[PDB]
C-alpha cells in the first residue's frame, strides 16, 4: 500500500504517509496547554499516523483565534509542550507543530460558543491586527488595526521566537500557518492587503511578509528538520487562474528559500466565495502545485476514506495524506485504514497492548 510506505524528508522518517493535520482544540488557558492536549495528542500518536502536527499555536497573544487557543509566546508556554512531544515520540510518531497568527480573524468565540467575533465589552476580547483596516465581514465584522512597520518586525520576530521554542521543546517538524485568511494569507491577498508601502501592492510586496518570515524562521530552525508551511493557493472567488499562478510562483520562492513541503489549502480570505466542497476536492490543485513548483505537498478534506487516500498517493497528487476529522471520530483511524487496504499484520499499526489482541 502506498499509504503505508515510509517517507523521509531531511533527517526525519515518517513510518507511513498518514499525517494528522493541525486541529485546534480550543482547550488552552492563556495559551497554556494542559491534560486535554496531552491525552488527545498522545492518543493520536499511538493510533499509528506517521506525523502528528499540533494545532495552530499562536506566536503572540493577539494572534490566537480564540481565548481557548494554544500559544508559544513565552518560554513557559513552550515548556508545557515538552511532555507531549516526548509522549508523541514514545509512540513512534513524528511531532510537528503549526505556528500561527490569526490576524483579522482573531478575538473570536470558540466554534461551539458562537464562532463569531467577541463582543466589544466582553472582557475576553482584544484588538486584532492586519495588513489593512478592513473587516472580513459576515460573522467576523471587527475592523482590525493596520500594522505599522514596527508591528511587522515584531510579528516576524514572534515567529522566530516561536520556532526557536518549538525546536527546543523537541518538535521535529514545523508548519508556518500562511493559510485560511489569517495574518500571512491576508498579506498575500489583494482582497485584504491594500497597503502602499513595501508590504503591499505588487506581487513581490504582498509576498514580502511571508518570505521574510520564512527566511527569519530558517535562521533558527534546524536545516535537518522539515520546514513547511500551509498556504491557501486559491479562493474560489472568480479570480482562480490568476491567483493560482501567483500562488505557484510564491511556492517556487518558498522552495528556493528552504521550504521542504507545502500543505496546499484554500485561502478563506473573504466570505463571498463558492468553494466546491467534495471528497478529495483539493487533489488536482495540490498535484498542479506539486508539479509546477516541484515541491512535495500534502492536502486535506475528505481523505478519511482509505481508498481515496491510497488513490491520491498512487496518482502522485500528494506525498502525504492529511486526515483530520476522521481522527477525531476514531483516534485509531490509521489502524482502520490498514485493515481496509489489506495491509499485512494491520493490527501492528497499533502498539503491542492493542495489536496483540486485535490480530486477525
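Numbering follows the first chain given and starts at 1.
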Given the B-factors recorded for C-alpha atoms, which segment has the greater mean, 348-356 or 334-342?
-> 334-342
With B-factors read from the PDB entry, the higher C-alpha mean of 220-228 and 134-142 is in 134-142
Considering only 165, 180, 105, 191, which residue's Cα atom bears the greatest B-factor as recorded?
-> 191
Identity of residue with top Cα B-factor, from 93, 128, 185, 148 = 148
Check where residue 61 lands among this chain's C-alpha B-factors and tell me if it's the lowest, middle or highest third.
-> middle
Going by the entry, which third of its chain does the Cα temperature factor of residue 308 land in?
-> highest
In terms of the chain's CA B-factor thirds, is residue 157 lowest, middle or highest?
-> middle
Would you mind ranking residue 15 by its C-alpha B-factor against the rest of the chain and naming the third, lowest, middle or highest?
-> middle
Rank-wise, by C-alpha B-factor, drop residue 278 into the lowest, middle or highest third of its chain.
-> highest
